[PDB]
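Written below as structure tokens is the structure these notes are about.
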There are 2 protein chains.
Amino acid sequence: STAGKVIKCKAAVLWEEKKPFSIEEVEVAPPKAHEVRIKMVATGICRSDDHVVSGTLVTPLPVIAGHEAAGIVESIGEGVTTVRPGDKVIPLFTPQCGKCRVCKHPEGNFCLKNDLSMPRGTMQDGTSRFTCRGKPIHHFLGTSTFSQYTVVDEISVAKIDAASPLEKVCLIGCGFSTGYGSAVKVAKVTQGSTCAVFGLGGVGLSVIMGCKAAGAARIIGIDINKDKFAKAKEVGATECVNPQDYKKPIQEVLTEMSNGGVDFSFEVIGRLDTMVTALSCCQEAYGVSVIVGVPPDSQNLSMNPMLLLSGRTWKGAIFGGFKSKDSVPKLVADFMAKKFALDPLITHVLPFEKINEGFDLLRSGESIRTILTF
Amino acid sequence: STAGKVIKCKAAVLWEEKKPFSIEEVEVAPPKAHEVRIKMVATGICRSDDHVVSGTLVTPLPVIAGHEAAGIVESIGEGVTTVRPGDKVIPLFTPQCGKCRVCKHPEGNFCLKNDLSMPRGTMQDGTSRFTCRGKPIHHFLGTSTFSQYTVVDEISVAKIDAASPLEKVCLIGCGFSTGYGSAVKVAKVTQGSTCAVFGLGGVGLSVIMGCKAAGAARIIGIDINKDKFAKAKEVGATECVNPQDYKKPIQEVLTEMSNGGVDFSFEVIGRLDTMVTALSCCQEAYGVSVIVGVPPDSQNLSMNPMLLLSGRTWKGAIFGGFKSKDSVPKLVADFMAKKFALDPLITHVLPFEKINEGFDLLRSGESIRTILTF
Ligand SMILES: NC(=O)c1ccc[n+]([C@@H]2O[C@H](COP(=O)([O-])OP(=O)([O-])OC[C@H]3O[C@@H](n4cnc5c(N)[nH+]cnc54)[C@H](O)[C@@H]3O)[C@@H](O)[C@H]2O)c1
Ligand SMILES: NC(=O)c1ccc[n+]([C@@H]2O[C@H](COP(=O)([O-])OP(=O)([O-])OC[C@H]3O[C@@H](n4cnc5c(N)[nH+]cnc54)[C@H](O)[C@@H]3O)[C@@H](O)[C@H]2O)c1
Ligand SMILES: OCc1c(F)c(F)c(F)c(F)c1F
Ligand SMILES: OCc1c(F)c(F)c(F)c(F)c1F
Ligand SMILES: [Zn+2]
Ligand SMILES: [Zn+2]
Ligand SMILES: [Zn+2]
Ligand SMILES: [Zn+2]
């Protein structure tokens, strides 16, 4: 039995920015009250994890990163009611405490208990469950999924279908749900509309899936890497454009293509310039633009507010706008009912021990999602 | 007797920026096909007219400004079907051609025939109906209401109730409808919500009216001129704050007052800094901020897009989001049925000949709306 005991296991520790992960033994404390210890089964490599490595996202180091995953409950602390040992679960990088003003709001999902805005890199109680070489190691977004075992707060975990394939549904923990919800819930894409999707990685592909599901008539994919176009078309893009092919700015190209601007645009990269371009290419009177990408820490964009005064709507969201604990189980149920596909997003499946190679595939432009299996 | 003939009348011509208007004789050509010549009865002095004088708003000079008005049709050009001589009318600074993609869109109101985005200062045909001292004089927004007679395109005029009091309902041509619609139509303020209104002039007062009509529980007015607070409370503000009273930035004050951010905020001034402050003070996960004020020409704001990524919505609108020709007559009908009040906005009345004194009153901070009578 491991319940109630410290577990020694393998994890990928990030000791400092711009260095490879170190795959080594960590100690994982047992869960305290209202905490859940999970044996990880699969975790995805998301660009946001690379942002921690690159310094694009600032979070306390050293750290166990990883936020898109699925696993099986090993043990629960006192007072846990929503999961039991043996349950399949997805950690929730956006929690759902159910009690704060956001949780109670019909349209908010960015629960005030989150560790995104002002990250401490701890459990809710302000302490860490991880040690490595005698040193405390930080958590990441309350999830820390780059470990054979993690500990999460109960508000940061959802129980899912016991028959779920964990090596696929881990994507519901971040990239699929984020893109899909950005289209269907946040933008509320309409039937017959024209959509523009900037960035054709895992998240942008999921935005395309949602735009197609919503009945868009035209879905224009934009990426500087033309190797991304074939898969974008497979999942619903009607056209793809590479800005590097044009003498004019791409907002002008897209405005012309759409006979005066698109209905919905999405920034799914993380660049300040593309955020402004995406806003500009939506129709000036009634267009909607959604920011999904995460830009470099503490950098401001510059824009002319006449873009908004004419009638545009500009919004952003975390996790597709989904209230996390309510939505994850339903998304998995919908996947099990064949309502959407996840295989198009998965280009590589590697053992966990190859985490660095998986990040190199992302950085080189060669992968969409690599799933790491424990 | 004047139908088909040039009319000589008095208008207020702006020859140069940063100068008084010159009340002098102009020649007003008869209406061409699909044009309407209107005898003006009353026109309001709106801050946007002042922006033309100050250079905040760039439009070709020399010009006959004025855009908030009501009058009586003197004559119609060939092919006009929607008004007749003797009808009471409001000129529409935002046209409604009824044929473009925006006019056909359920939400859009910024008709593509507008003369706001890239002002030419002409009729729809690219020519002027005004001569002064033998020189052609520009139109403004297709309306040019600072004249005893103007000529407008048919898509820029609405017929209104024959019993309408024109010295009141001119405010439906801009300031009332813009602020009211910004709350009820653009923001879609909800019952029980907390609203923050930056700027307590005529437009911001109208926003407050709209927020109160929509059922807001708290309406916080923000102005650096505390003389504006008594009327703001009369029309529905629950509390007023002056940024100059505080050591902390007002977005922090408002976030504290609203226990974590407001539901709806409105920028009703025209400053880049207050546009960002207004966005910041709405709740980070589900807040909505609407830009109403007109900022200085060609200037960009700087902002951190993480404000949006957490869930905020940022939008702007012209004329309260109202499709102009459909909406203006209905708004007048609702006024005649006492569904809203206009008298709280009217602080001064002057003859047209005292236009410069009217502008002095606005610039000093003393007036809300001065109504000029012809
Ligand atoms: N809002 C959320 O909740 C949330 C969740 C998940 C991911 N993210 C962010 O979303 C973004 C996309 O993540 P991902 O899909 O995993 O990343 P990814 O797989 O790296 O995809 C990004 C795509 O952008 C393309 N690209 C780069 N520069 C440009 C350019 N100038 N113009 C057009 N295309 C360009 C690039 O070739 C690539 O295909 C990242 O910034 C993530 O951090 C946000
Ligand atoms: N979007 C539209 O369709 C539309 C139509 C009508 C008016 N406008 C614009 O709306 C704005 C307001 O017009 P208005 O109500 O006639 O103008 P106004 O009567 O000048 O009112 C502006 C108010 O802002 C106050 N103010 C100035 N600076 C600050 C500050 N830093 N903080 C807080 N309050 C401050 C000022 O004291 C005044 O009471 C102007 O920019 C107009 O050009 C836009
Ligand atoms: O990919 C999801 C994701 C985000 F959207 C962020 F805004 C963030 F800061 C982060 F760490 C993260 F993992
Ligand atoms: O007051 C209404 C109004 C506007 F909202 C503008 F954006 C504009 F450019 C203008 F000239 C105007 F009069
Ligand atoms: Zn919460
Ligand atoms: Zn992610
Ligand atoms: Zn139109
Ligand atoms: Zn105005």
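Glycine also receives a Cβ, built like all others from the backbone with ideal geometry; neighbour counts cover every protein chain displayed. The values are calculated or read from the model by the stated rules, or taken from the named source; none is laboratory data.
Filtered by the rule that a residue be within 17 Å of A:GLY311 (Cα to Cα), part of a strand (DSSP E or B) and not aliphatic (A, V, I, L, M), the stretch B:282-316 gives B:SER289, B:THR313, B:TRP314, B:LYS315, B:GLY316.
Total residues in the stretch B:213-227 satisfying the condition of being touching a residue at least 24 places away in the same chain (Cβ under 8 Å) and either closer than 18 Å to B:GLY293 by Cα or crowded, with 18+ Cβ neighbours inside 10 Å (or both): the figure is 8.
To keep it simple, each residue is scored yes or no on (1) facing another protein chain (nearest Cβ under 9 Å); (2) farther than 17 Å from B:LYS188 by Cβ.
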site: B:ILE250; (1), (2): no, yes
site: B:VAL262; (1), (2): no, no
site: B:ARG271; (1), (2): no, yes
site: B:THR274; (1), (2): no, yes
site: B:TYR286; (1), (2): yes, no
site: B:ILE291; (1), (2): yes, no
site: B:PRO295; (1), (2): yes, yes
site: B:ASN300; (1), (2): yes, yes
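If you go through the stretch A:86-106 and keep only what is of a type in the set (D, E, K, R), within 14 Å of chain B (Cβ to nearest Cβ) and surrounded by 15 or more Cβ atoms within 10 Å (Cβ to Cβ), you end up with just A:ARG101. If you check A:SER156, A:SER128, A:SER117, A:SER164 for being closer than 21 Å to A:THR82 by Cα, of a type in the set (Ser, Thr, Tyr) and surrounded by fewer than 24 Cβ atoms within 10 Å (Cβ to Cβ), only one passes: A:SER164. Against the list (1) under 25 Å from the mean Cα position of the chain (by Cα); (2) away from every other protein chain (no Cβ under 14 Å); (3) of a type outside the set (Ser, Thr, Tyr); (4) buried (at least 23 other Cβ atoms within 10 Å of the Cβ), the condition B:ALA230 fails is (4).
Highlighted here are the helices (runs of 4 or more DSSP H) found entirely within the stretch B:193-263 that include at least 3 residues which are in contact with a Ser or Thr (Cβ under 9 Å, 6 or more places away or on another chain): B:202-213, B:250-257. When B:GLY365 is tested against (1) within 16 Å of ligand 2 (Cβ to nearest atom); (2) outside the structural domain of B:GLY66 (by CATH), only condition (2) is not met. For the residues B:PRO329, B:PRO296, B:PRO344, the requirement of being in contact (Cβ under 8 Å) with a residue 60 or more places away in the chain, away from ligand 3 (no atom under 16 Å from the Cβ) and either within 24 Å of A:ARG312 (Cβ to Cβ) or not assigned by CATH to the domain that holds B:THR143 (or both) singles out B:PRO296. The criterion of being more than 16 Å from ligand 1 (Cβ to nearest atom), surrounded by 24 or more Cβ atoms within 10 Å (Cβ to Cβ), more than 21 Å from A:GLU167 (Cα to Cα) and within 23 Å of the chain's Cα centre (by Cα) holds for A:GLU35. When the stretch B:62-85 is filtered for residues that are over 13 Å from B:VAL157 (Cβ atoms) and buried (at least 17 other Cβ atoms within 10 Å of the Cβ), the ones remaining, listed by number, are B:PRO62, B:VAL63, B:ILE64, B:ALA65, B:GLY66, B:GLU68. Pairs linking a residue in the stretch A:130-152 that is farther than 19 Å from A:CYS111 by Cα and within 14 Å of another protein chain (Cβ to nearest Cβ) to a residue that is outside any strand (DSSP E or B) and within 16 Å of ligand 2 (Cβ to nearest atom), with Cβ atoms under 6 Å and 6 or more positions apart or on different chains, do not occur.
Contact map, the stretch A:247-262: first residue closer than 16 Å to A:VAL288 by Cα, second residue acidic (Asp, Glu), Cβ cut-off under 8 Å, separation 6 or more or different chains; pairs are A:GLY261/A:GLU284. Number of residues in the stretch B:46-95 that are within 16 Å of ligand 4 (Cβ to nearest atom) and among the aliphatic types (A, V, I, L, M) equals 12.
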